[PDB]
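Trainee: Experimental coordinates for this protein are included below, preceded by the sequence.
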Amino acid sequence: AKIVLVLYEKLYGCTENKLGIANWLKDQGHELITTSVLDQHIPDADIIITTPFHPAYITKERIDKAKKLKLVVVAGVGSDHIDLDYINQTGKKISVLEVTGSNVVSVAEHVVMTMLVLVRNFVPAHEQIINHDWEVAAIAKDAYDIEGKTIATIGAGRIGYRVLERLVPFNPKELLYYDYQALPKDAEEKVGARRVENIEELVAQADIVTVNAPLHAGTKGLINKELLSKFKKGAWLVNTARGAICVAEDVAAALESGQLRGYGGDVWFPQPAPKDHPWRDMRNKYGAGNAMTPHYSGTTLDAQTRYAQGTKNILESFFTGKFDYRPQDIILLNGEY
Amino acid sequence: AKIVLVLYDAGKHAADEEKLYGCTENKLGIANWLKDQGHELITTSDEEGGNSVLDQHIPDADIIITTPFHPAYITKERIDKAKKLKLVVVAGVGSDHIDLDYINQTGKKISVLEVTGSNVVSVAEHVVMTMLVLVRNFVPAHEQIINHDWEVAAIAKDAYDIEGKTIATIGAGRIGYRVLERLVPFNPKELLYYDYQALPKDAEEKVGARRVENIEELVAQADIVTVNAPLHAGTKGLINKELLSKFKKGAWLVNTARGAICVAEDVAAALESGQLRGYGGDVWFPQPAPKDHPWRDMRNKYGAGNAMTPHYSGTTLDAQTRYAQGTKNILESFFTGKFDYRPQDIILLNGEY
C-alpha cells in the first residue's frame, strides 16, 4: 500500500514525528508519504491518514482523483473535513475510520478545567502575580466556588457524560442535561443528572452551561443573541464542541454586557482564529471572564498516544484484509454508513 | 461590648460586589446587627504597628475579630494590654497569627474560635483547578490567544491529561481528603497519601488511596504532588533542594497550604532545571509576596509551568458568605451567654484546649 500522511517525541501528530508509525509501516513493507504535494500522491494512494488538528480537506475533487483510494483514517476524532456524503454517493468502496473515544477524556478534562478557571477567576489572579501586583479584593470580588452551582450540558454523549462524571464530587447544586436521547437510566442516576426537555428552559436555570454537542443544522448558531438573553445573568459558558455553535459577536456582546460572567473553550469559527477574532479581546466589565485557548484540548501527549495506537489498530485491520474494525470507529464501511 | 474588627480595605472593589463581606467596607455583614444590639464596632485595616487603630482599641476590646487574609497578629504583648479581652474570632480558618501557646500557658480566660470547615471546599477546588491548569498547559495556551497568536504545537508539546497520572498528597486532613475525592472520577493511575496518622480504611477505600509511610518514597513515584499540611517542625522547609531531587523527574507540584513548607529558591531552581514541569498554588512566604519574590518570574524551559496566584483560594464569595455567617453564629453564642459554640470551632475555650 501507498500511504499518504497529512499532519502539521511523545508528540506524534506532527509531520516530523509521523504518528510514531514511520518505521512500523516501512518494516511492514509500505511506502509512507508524509506531508503538511498531497495532490501529487492522491491518484495512487491506497490509504490517506488525516488529523482533525490540521485537517486536509478530502474534497469531492480529491475523491474523484483518488483512483486507488480504499481507506481514509482520522488519527483522532472528527471528520468535518471529509466529504462523507460524496463518498457515500459515489458507490466507491472507501472506508472512513476514526479513533472513536480517544479524545473524550482529554476534552472532558478541558471542560472542567475551564469551568473552574472561569468560576474561580483564575486568569486575572495569575495575571496579577506575573505583573508584580497583589490586590486580593480585585480577584475575590468575582471568584466563586463551583460547589453549589447548577451546571447544565448541551449534549450528554461521550464527552458531555464524562464532564458530568467529573463534576459529581464537586457537589454542584444539580447537574442537568439536554440531548436528543435519554441517558440510559443507570448512567443518569450515577451522576444524579436530570434531563431538561428544551434548551431555553435548560439555560434559564443554569449557573454554568457547557456545550458538548455535534455541529449540525440544529446546533449551528444555536448560541445567539436571543438564546443568550435567556441565560441567567452572570452565567459562565464553556464550549469545546464547535465554534459555529455560537454566534461569535453575540457571545462577545453578552460577556461585555454582563449577560455572561465568563466564556471559555478551545473551539473557534473560523478556525484557526484570525488575529482579529472578537473572542481574543473580549472581556467582562472587570477585564476578565475570558478562558479561551487555541484548539488543543484533544492533542495532549496522552491523547496522541491513543491516536497513534488506534491508527495502527485500524491499519492492521485493513492490511490483513480482516477488516475487524471496532464498530465505534467506523464512519463509512466501504462507502456505507 | 466593644468589638474590634480587622479586615483589608477593598476600596473600589467593595462597591462593585455586595457579597464581598470580608472587607472593612462591608464589615462581615454584621455592622447593623451589632448596632441593633447596642455593641460598639471598631472596624479597621490598620494593624501595624504601635500607634495603629488596632492598638488604640485593644485595651478595652471585649472581642477581636481577625481574618487570615489580612491577619492581625495577636501577640503576647497585645494580649497583655487587652485587659478586657474575652474572645478572639477568626472569620475563617487559620490561627497562626494568634499566640495560642501564650494564652494556654498563662491560663488567661480568653476563648479563640474559628469557622471550621468553611474554607476547605474552596481550597480543594483550587488545588484541582491548579493541577489541571499545570498538567494541561493552560497558562501559555491562554497567553497565545490574548497575544493574537496561534501555535498549537507549542502548547501540545507540554500538555498531558490528568487521567493515568500518579497523584500524591502530603497531608490527608480536611482539605487533602476533599482533593482526593474530587480526583477520583478523573481516573488517575493511583491516589496516594503521606500523613502522620492513617486515614481510616473506609475513607482510604472510598477514594482508592494507598498510604506511603515516608515522603521520599511518596514523591519518588508521583507525577503530581499536592501539599495539604499545616506548617510545623515536620513541614517547615520540607520541600527543599534535597527532597526535590527525589521527585519523579518532570513532576508537577501544587501548594495551597503554607508557603514556608517550601524553600522558595529551591522550588524556582527545580522548575528551571526541569526537575519540576510546573508549580502552582496561592501561598507565599513572605506573605504578601514581595514584588521580587522568585515565584513570580520563575518558569520552566518553555516559559510556562507557573500557575501561581495571590492568596485568595479560601476567600471566594461563597467562602466569605460562610465566614460571615459563622462569625455571626459565634458572636451570638457569646452575647447570649449560651456559649453554645460548635465543638469543631473551638480552638481555646477560656484558655483551655
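Mentor: Okay, I see it. Numbers count the residues shown, from 1 in each chain, chains lettered A, B, ... in the order given.
Trainee: Please report how far residue A:156 lies from residue B:196.
Mentor: Separation of residue A:156 from residue B:196 (CB to CB, to the nearest Å): 43 Å. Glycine gets a C-beta too; all of them are placed from N, C-alpha and C.
Trainee: neighbour-wise, which of these two wins?
Mentor: Of the pair residue A:156 and residue B:196, residue A:156 is the one with more neighbours under other CB atoms under 10 Å in any protein chain shown, namely 27 against 9.
Trainee: Give me the three-state assignment for the more buried one.
Mentor: What DSSP: H, G, I helix; E, B strand; the rest coil gives for residue A:156 is coil.
Trainee: show me what contacts residue A:169?
Mentor: Applying CB atoms under 8 Å, 6 or more residues apart in numbering or on different chains to residue A:169 gives the contacts B:181-182, B:184-185.
Trainee: helices or strands up against the top helix by length along chain A?
Mentor: Taking DSSP state H as the criterion, chain A has its longest helix at helix A:301-319. The helices and strands touching helix A:301-319, judged by 3 or more CB pairs under 8 Å, 6 or more residues apart in numbering or on different chains; DSSP states H and E, are strand A:47-50, strand A:71-74.
Trainee: what's downstream of that helix, the next helix or strand?
Mentor: Sequence order places strand A:330-332 as the next helix or strand after helix A:301-319, per DSSP states H and E.
Trainee: Show me how far that next one is from its chain's centre.
Mentor: With CA atoms, centre = their mean, to the nearest Å as the basis, strand A:330-332 stands 19 Å off its chain's centre.
Trainee: Could you spell out the sheet neighbours of that strand, each with its direction?
Mentor: Note on strand A:330-332: by DSSP bridges, its sheet partners are strand A:95-98 (antiparallel).
Trainee: I'd like to know which elements the helix or strand containing residue A:112 is packed against.
Mentor: In this structure, residue A:112 sits in helix A:104-119 according to DSSP H and E. Judged by 3+ CB pairs under 8 Å, 6+ apart, helix A:104-119 is in contact with helix A:158-167, strand A:208-211, strand A:235-239, strand A:260-265, strand A:290-292, helix B:120-135.
Trainee: ok, stretch A:138-157 near chain B or not?
Mentor: Yes. Using CB under 8 Å from any CB of the partner chain, we find that stretch A:138-157 touches chain B at A:138-148.
Trainee: still on that earlier bit, nearest to chain B among the helices and strands packed on helix A:301-319 would be which one?
Mentor: Chain B sits nearest to strand A:47-50 of all those, at 15.4 Å, using CB to the nearest CB.
Trainee: Any chance you could give me the closest one in PDB, C-alpha atoms only?
Mentor: This file holds the C-alpha atoms of strand A:47-50, laid out as PDB (Å, rounded to 0.1, in the frame of the first residue of the first chain):
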ATOM      1  CA  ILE A  47      -4.700   5.000   2.300                       C
ATOM      2  CA  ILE A  48      -5.000   8.600   3.500                       C
ATOM      3  CA  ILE A  49      -4.400   9.400   7.100                       C
ATOM      4  CA  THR A  50      -5.500  12.800   8.400                       C
END
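Trainee: about what we covered before: out of the contacts of residue A:169, which two are the most distant from each other?
Mentor: The span of the contacts of residue A:169, defined through CB to CB, is set by B:181 and B:185 at 9.4 Å.
Trainee: Tell me the gap between the helix holding residue A:112 and the middle of its chain.
Mentor: On CA atoms, centre = their mean, the centre of helix A:104-119 falls 12 Å from the chain's centre.
Trainee: and residue A:313, what is it in contact with?
Mentor: Shown in contact with residue A:313 (CB under 8 Å, 6+ apart): residue A:326.
Trainee: could you measure it against chain B, distance?
Mentor: Counting by CB to the nearest CB, to the nearest Å, the separation of residue A:313 from chain B is 19 Å.
Trainee: So which bits of the stretch 51-200 of chain A are right by chain B?
Mentor: By CB under 8 Å from any CB, the residues of the stretch 51-200 of chain A that approach chain B are A:53, A:105-106, A:109-110, A:112-113, A:116-117, A:120, A:122-123, A:125-126, A:128-130, A:132, A:134-148, A:165-166, A:168-171.
Trainee: Any idea what residue A:265 is bridged to?
Mentor: residue A:239, residue A:292.
Trainee: Now do the longest helix of chain A: distance to the chain's middle.
Mentor: Chain-centre distance of helix A:301-319: 18 Å, with CA atoms, centre = their mean.
Trainee: and if you look at stretch A:162-172?
Mentor: With CA atoms, centre = their mean, you get 19 Å for stretch A:162-172.
Trainee: Just the CA coordinates for it, please, in PDB.
Mentor: Only the C-alpha atoms of stretch A:162-172 are listed here, as PDB (Å, rounded to 0.1, in the frame of the first residue of the first chain):
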ATOM      1  CA  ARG A 162     -17.600  12.400  31.200                       C
ATOM      2  CA  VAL A 163     -17.900  16.100  32.200                       C
ATOM      3  CA  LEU A 164     -20.800  15.200  34.400                       C
ATOM      4  CA  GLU A 165     -18.900  12.300  35.900                       C
ATOM      5  CA  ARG A 166     -16.100  14.600  36.800                       C
ATOM      6  CA  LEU A 167     -18.400  17.200  38.300                       C
ATOM      7  CA  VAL A 168     -20.200  14.800  40.800                       C
ATOM      8  CA  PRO A 169     -17.600  15.100  43.700                       C
ATOM      9  CA  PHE A 170     -17.600  18.900  43.400                       C
ATOM     10  CA  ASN A 171     -21.000  18.900  45.000                       C
ATOM     11  CA  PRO A 172     -22.900  21.000  42.400                       C
END
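Trainee: From what I see, residue A:150 and residue A:193 are in contact.
Mentor: No. Counting by CB atoms under 8 Å, residue A:150 stays clear of residue A:193, with 11.5 Å between them.
Trainee: Name the residues contacting each of those two.
Mentor: Residues touching both residue A:150 and residue A:193 (CB under 8 Å, 6+ apart) are residue A:176.
Trainee: Skipping its backbone neighbours, what lies nearest residue A:125 in space?
Mentor: Once flanking residues are discounted, residue A:125 sits nearest to residue B:309: 3.9 Å by CB to CB, 6 or more residues apart in numbering or on different chains.
Trainee: give me phi/psi at the one you found?
Mentor: phi -140, psi 170 (degrees, to the nearest 10).
Trainee: Check the one 3 residues further on too.
Mentor: The phi and psi torsions at residue B:312 (degrees, to the nearest 10) take the values phi -140, psi -10.
Trainee: so residue A:337 sits right up against residue A:89, yeah?
Mentor: No. Counting by CB under 8 Å, residue A:337 stays clear of residue A:89, with 11.5 Å between them.
Trainee: where's residue A:318 relative to chain B, distance?
Mentor: Going from residue A:318 to chain B by CB to the nearest CB gives 27 Å.
Trainee: ok now stretch A:35-54, how far from the chain's centre?
Mentor: Taking CA atoms, centre = their mean, one finds stretch A:35-54 lying 22 Å from the centre of the chain it belongs to.
Trainee: Report the contact partners of residue A:260.
Mentor: Going by CB under 8 Å, 6+ apart, residue A:260 touches A:228, A:231, A:234-237, A:251, A:254, A:284, A:289.
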